[PDB]
file structure-v9.cif (mmCIF, C-alpha atoms and all ligand atoms)
data_input
loop_
_atom_site.label_atom_id
_atom_site.label_comp_id
_atom_site.auth_asym_id
_atom_site.auth_seq_id
_atom_site.Cartn_x
_atom_site.Cartn_y
_atom_site.Cartn_z
CA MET F 1 86.72 89.21 96.04
CA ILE F 2 88.89 89.70 93.04
CA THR F 3 92.29 88.14 93.27
CA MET F 4 94.92 87.14 90.72
CA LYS F 5 92.89 83.98 90.07
CA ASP F 6 90.21 86.14 88.41
CA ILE F 7 92.56 88.04 86.11
CA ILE F 8 92.90 86.36 82.72
CA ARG F 9 96.25 86.43 80.93
CA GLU F 10 97.70 87.12 77.51
CA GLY F 11 96.49 84.40 75.17
CA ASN F 12 92.89 84.54 76.35
CA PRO F 13 90.88 85.88 73.35
CA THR F 14 88.64 88.05 75.54
CA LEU F 15 91.57 90.46 75.92
CA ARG F 16 91.50 91.16 72.17
CA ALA F 17 87.74 91.55 71.74
CA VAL F 18 85.91 94.88 71.76
CA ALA F 19 83.96 95.17 75.01
CA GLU F 20 80.20 95.70 75.00
CA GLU F 21 78.50 98.96 75.97
CA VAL F 22 76.83 98.60 79.37
CA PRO F 23 73.25 99.66 80.10
CA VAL F 24 72.37 103.03 81.59
CA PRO F 25 70.88 103.21 84.18
CA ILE F 26 73.77 101.16 85.56
CA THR F 27 72.68 97.65 86.53
CA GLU F 28 73.17 96.59 90.14
CA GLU F 29 75.54 93.87 88.94
CA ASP F 30 77.71 96.30 86.96
CA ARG F 31 77.69 98.56 90.03
CA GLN F 32 78.83 95.64 92.20
CA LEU F 33 81.53 94.65 89.73
CA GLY F 34 82.87 98.20 89.73
CA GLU F 35 83.00 98.21 93.52
CA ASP F 36 84.88 94.91 93.55
CA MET F 37 87.30 96.22 90.92
CA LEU F 38 88.12 99.34 92.92
CA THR F 39 88.49 97.23 96.06
CA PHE F 40 91.00 95.05 94.20
CA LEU F 41 93.08 98.07 93.22
CA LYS F 42 93.09 99.40 96.78
CA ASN F 43 93.98 95.98 98.17
CA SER F 44 96.78 95.61 95.62
CA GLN F 45 98.30 98.92 96.75
CA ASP F 46 98.11 98.15 100.48
CA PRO F 47 101.51 96.59 101.34
CA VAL F 48 99.95 94.29 103.93
CA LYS F 49 96.92 93.18 101.97
CA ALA F 50 98.91 92.77 98.81
CA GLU F 51 101.13 90.31 100.70
CA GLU F 52 98.23 88.52 102.41
CA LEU F 53 96.39 88.00 99.12
CA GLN F 54 99.50 87.69 96.94
CA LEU F 55 98.39 90.46 94.61
CA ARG F 56 100.46 92.32 92.03
CA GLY F 57 100.12 96.07 92.49
CA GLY F 58 97.93 97.89 89.99
CA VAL F 59 96.57 101.40 89.46
CA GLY F 60 93.93 100.47 86.90
CA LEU F 61 91.78 97.53 85.83
CA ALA F 62 89.35 96.82 82.98
CA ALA F 63 86.42 94.39 83.02
CA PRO F 64 87.79 92.37 80.07
CA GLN F 65 90.73 91.43 82.32
CA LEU F 66 88.21 89.54 84.48
CA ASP F 67 86.78 87.82 81.40
CA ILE F 68 83.79 90.18 81.40
CA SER F 69 83.61 91.86 77.99
CA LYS F 70 82.08 95.13 79.14
CA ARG F 71 83.10 98.77 78.91
CA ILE F 72 83.88 99.23 82.59
CA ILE F 73 87.21 100.46 83.96
CA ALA F 74 88.43 101.25 87.45
CA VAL F 75 91.32 103.55 88.34
CA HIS F 76 93.11 104.28 91.60
CA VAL F 77 96.09 106.53 90.88
CA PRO F 78 98.23 107.50 93.91
CA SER F 88 94.54 111.84 92.99
CA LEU F 89 92.05 109.88 90.89
CA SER F 90 89.92 107.03 92.23
CA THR F 91 86.70 106.02 90.51
CA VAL F 92 84.91 103.56 88.24
CA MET F 93 84.02 104.70 84.72
CA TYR F 94 81.15 103.14 82.78
CA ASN F 95 81.13 103.54 78.99
CA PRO F 96 84.15 105.88 79.08
CA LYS F 97 85.10 107.69 75.90
CA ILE F 98 87.88 110.07 74.92
CA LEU F 99 86.21 113.15 73.43
CA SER F 100 89.48 114.89 72.58
CA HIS F 101 93.21 114.74 73.16
CA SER F 102 96.41 116.75 72.96
CA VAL F 103 98.82 116.72 70.11
CA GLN F 104 101.57 116.50 72.66
CA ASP F 105 102.40 112.92 73.60
CA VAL F 106 103.98 111.36 76.67
CA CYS F 107 105.37 108.05 77.93
CA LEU F 108 106.44 106.50 81.22
CA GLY F 109 110.22 106.35 81.44
CA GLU F 110 110.11 102.86 82.92
CA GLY F 111 107.74 101.57 80.26
CA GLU F 112 104.47 99.78 81.17
CA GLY F 113 103.31 96.47 82.58
CA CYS F 114 99.96 94.83 82.98
CA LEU F 115 98.33 92.40 85.38
CA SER F 116 97.36 90.19 82.46
CA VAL F 117 100.90 90.02 81.13
CA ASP F 118 103.28 87.60 82.82
CA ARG F 119 106.39 88.71 80.95
CA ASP F 120 108.43 91.90 80.76
CA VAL F 121 108.09 93.79 77.49
CA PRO F 122 110.67 96.64 77.41
CA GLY F 123 110.05 99.83 75.48
CA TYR F 124 108.21 103.13 75.46
CA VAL F 125 104.42 103.21 75.17
CA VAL F 126 103.65 106.64 73.72
CA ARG F 127 100.23 108.07 74.53
CA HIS F 128 98.53 111.47 74.51
CA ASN F 129 99.56 113.73 77.39
CA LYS F 130 96.11 115.29 77.77
CA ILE F 131 92.65 113.83 77.25
CA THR F 132 89.07 114.88 77.87
CA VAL F 133 87.00 111.90 78.98
CA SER F 134 83.26 111.50 79.39
CA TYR F 135 81.83 108.60 81.38
CA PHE F 136 78.93 107.52 83.56
CA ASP F 137 79.60 106.91 87.25
CA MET F 138 78.09 104.13 89.39
CA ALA F 139 74.86 106.08 89.70
CA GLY F 140 74.58 106.56 85.95
CA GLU F 141 75.42 110.26 86.23
CA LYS F 142 77.63 111.73 83.51
CA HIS F 143 81.03 113.27 84.15
CA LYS F 144 83.37 115.10 81.78
CA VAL F 145 86.93 115.29 83.07
CA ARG F 146 90.22 116.66 81.80
CA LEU F 147 93.11 114.39 82.61
CA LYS F 148 96.83 114.71 81.99
CA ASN F 149 100.21 113.16 82.68
CA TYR F 150 100.17 109.87 84.62
CA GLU F 151 96.40 109.92 85.15
CA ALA F 152 95.88 110.30 81.39
CA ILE F 153 98.29 107.42 80.75
CA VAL F 154 96.45 105.09 83.13
CA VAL F 155 93.05 105.86 81.65
CA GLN F 156 94.30 105.36 78.08
CA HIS F 157 95.81 102.02 79.16
CA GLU F 158 92.43 100.89 80.52
CA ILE F 159 90.36 102.22 77.62
CA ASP F 160 92.73 100.34 75.30
CA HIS F 161 91.68 97.18 77.15
CA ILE F 162 88.02 97.70 76.32
CA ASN F 163 88.99 98.08 72.66
CA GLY F 164 91.09 94.89 72.72
CA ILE F 165 94.45 96.66 72.77
CA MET F 166 97.43 95.72 74.97
CA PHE F 167 100.27 98.07 75.96
CA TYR F 168 102.91 96.17 73.98
CA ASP F 169 100.92 96.69 70.77
CA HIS F 170 102.28 100.23 70.92
CA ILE F 171 105.94 99.37 71.35
CA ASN F 172 108.28 99.93 68.41
CA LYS F 173 109.84 96.49 68.31
CA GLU F 174 112.58 97.74 66.10
CA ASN F 175 113.67 100.61 68.23
CA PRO F 176 111.88 100.18 71.63
CA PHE F 177 113.39 103.21 73.28
CA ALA F 178 113.15 105.64 70.38
CA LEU F 179 111.86 109.05 71.48
CA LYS F 180 110.26 111.22 68.80
CA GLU F 181 111.33 114.84 69.16
CA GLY F 182 108.68 116.51 71.29
CA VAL F 183 107.44 113.59 73.39
CA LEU F 184 107.29 114.04 77.17
CA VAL F 185 108.61 111.58 79.75
CA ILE F 186 107.22 110.80 83.16
CA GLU F 187 109.45 109.33 85.79
CA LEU F 188 107.80 107.75 88.81
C1 LIG W 201 100.56 103.54 83.57
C2 LIG W 201 99.58 102.72 82.82
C3 LIG W 201 98.59 101.99 83.72
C4 LIG W 201 99.12 100.64 84.19
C5 LIG W 201 97.99 99.76 84.77
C6 LIG W 201 98.54 98.36 85.26
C7 LIG W 201 97.26 97.59 85.80
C8 LIG W 201 96.53 96.93 84.63
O1 LIG W 201 96.85 95.75 84.38
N1 LIG W 201 95.62 97.61 83.94
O2 LIG W 201 94.99 97.16 82.99
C9 LIG W 201 99.64 98.59 86.31
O3 LIG W 201 99.41 99.08 87.42
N2 LIG W 201 100.86 98.22 85.94
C10 LIG W 201 102.10 98.51 86.66
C11 LIG W 201 102.84 99.63 85.89
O4 LIG W 201 103.00 99.51 84.67
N3 LIG W 201 103.28 100.70 86.58
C12 LIG W 201 103.13 100.91 88.06
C13 LIG W 201 103.80 102.24 88.30
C14 LIG W 201 103.82 102.93 86.97
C15 LIG W 201 104.00 101.81 85.95
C16 LIG W 201 105.49 101.54 85.69
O5 LIG W 201 105.80 100.98 84.60
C17 LIG W 201 103.03 97.29 86.87
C18 LIG W 201 103.22 97.12 88.38
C19 LIG W 201 102.49 96.01 86.26
NI NI W 202 96.61 96.21 81.74
#

call {"tool": "encode", "arguments": {"input": "structure-v9.cif", "output": "structure tokens", "more": "lines below"}}
Ligand SMILES: CCCCC[C@H](CC(=O)NO)C(=O)N[C@H](C(=O)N1CCC[C@H]1CO)C(C)C
Ligand code: NI
result
Amino acid sequence: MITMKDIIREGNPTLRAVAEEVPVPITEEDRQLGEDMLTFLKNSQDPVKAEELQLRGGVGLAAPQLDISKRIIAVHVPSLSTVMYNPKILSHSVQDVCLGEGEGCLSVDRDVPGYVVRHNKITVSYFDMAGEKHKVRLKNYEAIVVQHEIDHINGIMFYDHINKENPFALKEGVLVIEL
């Protein structure tokens, strides 16, 4: 089962590499990995299990974070709960958005203050565990989570987006989500 022991941290080069496309039809191993990833997210959100297993809560996870350089992401937003294989953003809004409390990441063991501005709306295509294609329109928090995970498969970390000089600057027009 995935626990914090399996999640690599900032400094590990795999987090900055570009993940490899996975085969379609989906391999049984990639299917299994996806299942284990979703199970981790659910476990991390269960107050009791999170304590038992000493897990940090998370709403998304990308294969590279497990030192598996593959384009596989799992999301469990408290809704949206699924595993996306070879996900790609086909289009996005002009309008941007950011979480008022900033972002964190299971691979980052330090607090990095500041706004992470992303697109408020995105259209994403992906293959599910059965290798069947889906095209979904996401927005707000769900869009933020998916962009955070897709960034991982492109070797990008949330803090790469922070304006170090002015971390809480808010360009006129950007939306804010407060959880
Ligand atoms: C919103 C963008 C998606 C964040 C995904 C991460 C999980 C992760 O490491 N993904 O790669 C998470 O849950 N992080 C948490 C997080 O940043 N959260 C949880 C509630 C919303 C937001 C607050 O900043 C903290 C607990 C580390
Ligand atoms: Ni992360």

call {"tool": "atom_distance", "arguments": {"input": "structure-v9.cif", "atom1": "CA of residue 21 (chain F)", "atom2": "CA of residue 90 (chain F)"}}
result
21.4 Å

call {"tool": "residues_near_ligand", "arguments": {"input": "structure-v9.cif", "ligand": "ligand NI 202 (chain W)", "cutoff": "8 Å", "atoms": "all atoms listed in the file", "output": "PyMOL selection string"}}
result
chain F and resi 60-62+65+113-117+157-158+161+166-167

call {"tool": "closest_residue", "arguments": {"input": "structure-v9.cif", "among": "F:188, F:1, F:22, F:145", "to": "ligand LIG 201 (chain W)", "atoms": "all atoms listed in the file"}}
result
F:188

call {"tool": "atom_distance", "arguments": {"input": "structure-v9.cif", "atom1": "CA of residue 70 (chain F)", "atom2": "CA of residue 19 (chain F)"}}
result
4.5 Å

call {"tool": "atom_distance", "arguments": {"input": "structure-v9.cif", "atom1": "CA of residue 5 (chain F)", "atom2": "atom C2 of ligand LIG 201 (chain W)"}}
result
21.2 Å

call {"tool": "residues_near_ligand", "arguments": {"input": "structure-v9.cif", "ligand": "ligand LIG 201 (chain W)", "cutoff": "10 Å", "atoms": "only C-alpha atoms and all ligand atoms", "output": "MDAnalysis selection string"}}
result
chainID F and resid 7 9 41 44:45 56:65 73:78 107:120 122 124:125 127 149:162 166:167 186:188

call {"tool": "closest_residue", "arguments": {"input": "structure-v9.cif", "among": "F:98, F:183, F:37, F:15", "to": "residue 146 (chain F)", "atoms": "all atoms listed in the file"}}
result
F:98
